[PDB]
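Numbering (my numbering), first residue to last: 1359 to 1777.
Written out below as structure tokens is the structure these notes cover.
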Ligand code: HEM
Ligand SMILES: CCCCCCCCCCCCCCCCCCCC(=O)O
């Protein structure tokens, strides 16, 4: 079992970012390697379809307790679905997935579309529109409402900003960083606010619609017949739309891709299939989630080595979505590749792999793809705009993946036939 030796390589991981794992595999001449990180802890990094299958074998791999505490404290929340395994988890996961009905999915499609269409005058009005900001604000409205949480217009900028600080909070992979305390306070504000809405739903003082996150989560009972304590229920209710709001990352990359590859825009208009393909390729191609931590429950024999009981595991997400034996020219933006993709649950894993119900795979993959479809169709078809000179670098050596400028646009003008 090959090592990238060192007492702790955390700072090295942060310096190489999304290309750390690839650089070590290339340099050590192997598909599997160990590295100590997060304070002396050894992690075996596994990749590919074969890495993803094993990583989501629940007989062999534990997730419970393997997220760094600082990331639990800021991104996901204490006691979040992300932090439990086994029966307790499968039961709770069922609640999340129960929101993802055909009707709720069309509802998020319709909200996203209507708000974009409604937001054109405002965007014509601005000297310039930062798409990272503008989309996070617009998706805060979609996401609160989709979750049955009433958020006043007056409060959406504040809320959006608190979400942004949280979503970003994995940048130090669990280390100390200067924005950490601000991250914890944004979460506290958002948790208090959702806890209030839960307590008040349970008292019958407010009335979220049947089938919304707020309603289902407030009234749900676990497999022992106990409801979630109010705080944990607010934490998990957030886990139902903070990540929806975080799609702003992908809206921004979306516009970068369409701008770099202007051909994609025409095909978004010409081919009703293509918006789906484009959205999938934005998720595969661009960096967001670097890797996921787990731990070996027992020795595992994998790719000619033994992973010892107790060692850490890191499923390489960016590595698997850019694996040259899974995708021809993994570093070329090419939506048409998804004409052939067979729907495998172990290659396209930018929001996790495996099974929605039994593993920790993202609950909101279909919402992510739906929202990106409607957003990209909006930007391709209903408006024209200019892209001024700006820093459009996406630095693959810096976690998290952002377009440096946020992706700024000007001279927005609705596309209308007036003849
Ligand atoms: C926008 C970009 C998004 C990204 C990059 C993302 C990524 C991820 C990743 C990597 C995981 C963990 C996979 C694992 O632990 O094996 C995850 C889990 C999760 N995702 Fe997302 N997701 C996004 C959007 C969403 C949306 C829109 C929702 C809900 C509407 C959502 C809900 C969740 C939940 C509740 C979990 C934890 C599931 C569990 O622990 O069983 N995500 N996501
Ligand atoms: C090479 C490695 C050693 C491994 C170190 C383990 C690092 C653990 C950090 C895991 C990163 C999780 C990032 C998840 C992205 C969050 C989803 C965005 C949507 C949301 O929840 O808001």
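Note that the Cβ used here is the ideal one computed from N, Cα and C, for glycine as well.
Quick check on DSSP: helix, strand or coil for residue 1770?
Translated into positions along the chain shown, residue 1770 becomes position 412. Of the three classes helix, strand and coil, the one that applies to residue 1770 here is strand, per DSSP.
Keeping to the same chain, check which residues put their C-beta closer than 8 angstroms to that of residue 1503; ignore five residues upstream and five downstream.
For the purposes of this step, residue 1503 is taken as the residue at position 145 of the chain shown. Closer than 8 angstroms at Cβ, skipping near neighbours: 1469 and 1509.
Since residue 1396 and residue 1368 should fall inside the 8 angstroms C-beta cutoff, what is the C-beta to C-beta distance between them, to a whole number of angstroms?
Taking the first residue of the chain shown as 1, we reach residue 1396 at position 38. Taking the first residue of the chain shown as 1, we reach residue 1368 at position 10. Contact flag correct, Cβ pair sits at about 6 angstroms.
Using a Cβ-based criterion (distance less than 8 angstroms to any ligand heavy atom), does residue 1645 qualify as near ligand 2?
For the purposes of this step, residue 1645 is taken as residue 287 along the chain shown, with counting starting at 1. Every heavy atom of ligand 2 is 8 angstroms or more from the Cβ of residue 1645, so no.
For residue 1678, does the count of other Cβ atoms within 10 angstroms reach 16, so buried, or fall short, so exposed?
Looking up residue 1678 in the chain shown gives position 320. Label assigned to residue 1678: buried.
Take every Cβ of the segment 1547-1559, pair it with every Cβ of the segment 1416-1424, and state whether three or more of those distances are shorter than 8 angstroms.
no
Taking the straight line between their C-alpha atoms, what separation do you get for residue 1666 and residue 1393?
The sequence position of residue 1666 within the chain shown is 308, counting from 1. The sequence position of residue 1393 within the chain shown is 35, counting from 1. Looking at the two C-alpha atoms, the distance is approximately 14 angstroms.
Write down the C-beta distance between residue 1549 and residue 1435 rounded to the nearest angstrom, noting that I regard them as a contact closer than 8 angstroms.
Working through the chain shown from its first residue, we reach residue 1549 at position 191. Working through the chain shown from its first residue, we reach residue 1435 at position 77. Rounded, the Cβ-Cβ distance is 7 angstroms, consistent with contact.
Are the beta-carbon atoms belonging to residue 1589 and residue 1437 less than 9 angstroms from one another?
Along the chain shown, read from residue 1 onward, the residue named residue 1589 stands at position 231. Along the chain shown, read from residue 1 onward, the residue named residue 1437 stands at position 79. In this structure, residue 1437 lies closer than 9 angstroms to residue 1589 by Cβ.
Between 1707, 1654 and 1621, which lies nearest to residue 1643 when the distance is taken from Cα to Cα?
In the chain shown, residue 1643 corresponds to position 285, counting from 1. Among 1707, 1654 and 1621, the Cα nearest to that of residue 1643 belongs to 1707.
Are the CB atoms of residue 1583 and residue 1429 nearer to each other than 9 angstroms?
The residue you call residue 1583 lines up with position 225 of the chain shown. The residue you call residue 1429 lines up with position 71 of the chain shown. Cβ distance not < 9 angstroms, so residue 1583 and residue 1429 don't count as in contact.
Which complete alpha helix (DSSP H) runs does the segment 1462-1531 hold, if anything under 4 residues is left out?
1478-1483, 1489-1504 and 1514-1525
Can you list the beta strand (DSSP E) stretches of 3 or more residues lying completely in the segment 1662-1699, in chain order?
Listed in chain order, they are 1663-1665 and 1670-1674.
So, helix, strand or coil for residue 1427, using DSSP?
As a first step, residue 1427 is located in the chain shown; it is residue number 69 there, counting from the start. The answer is helix: DSSP assigns residue 1427 an H, G or I state.
Just the C-alpha distance for residue 1750 and residue 1614, rounded to the nearest angstrom, thanks.
Locating residue 1750 in the chain shown gives position 392, counting from the first residue. Locating residue 1614 in the chain shown gives position 256, counting from the first residue. C-alpha separation (whole angstroms): 8 angstroms.
May I have a chain-ordered list of the alpha helix (DSSP H) segments no shorter than 4 residues that lie completely inside the segment 1545-1604?
1571-1577, 1588-1596 and 1600-1603
Taking contact to mean 3 or more Cβ pairs, one atom from each stretch, closer than 8 angstroms, check whether the segment 1483-1500 and the segment 1514-1531 are in contact.
yes
Within 10 Å of its beta-carbon, does residue 1581 have 16 or more other beta-carbons around it, so buried, or fewer, so exposed?
Taking the first residue of the chain shown as position 1, residue 1581 is located at position 223. With fewer than 16 neighbouring CB atoms inside 10 Å of its own CB, residue 1581 falls in the exposed class.
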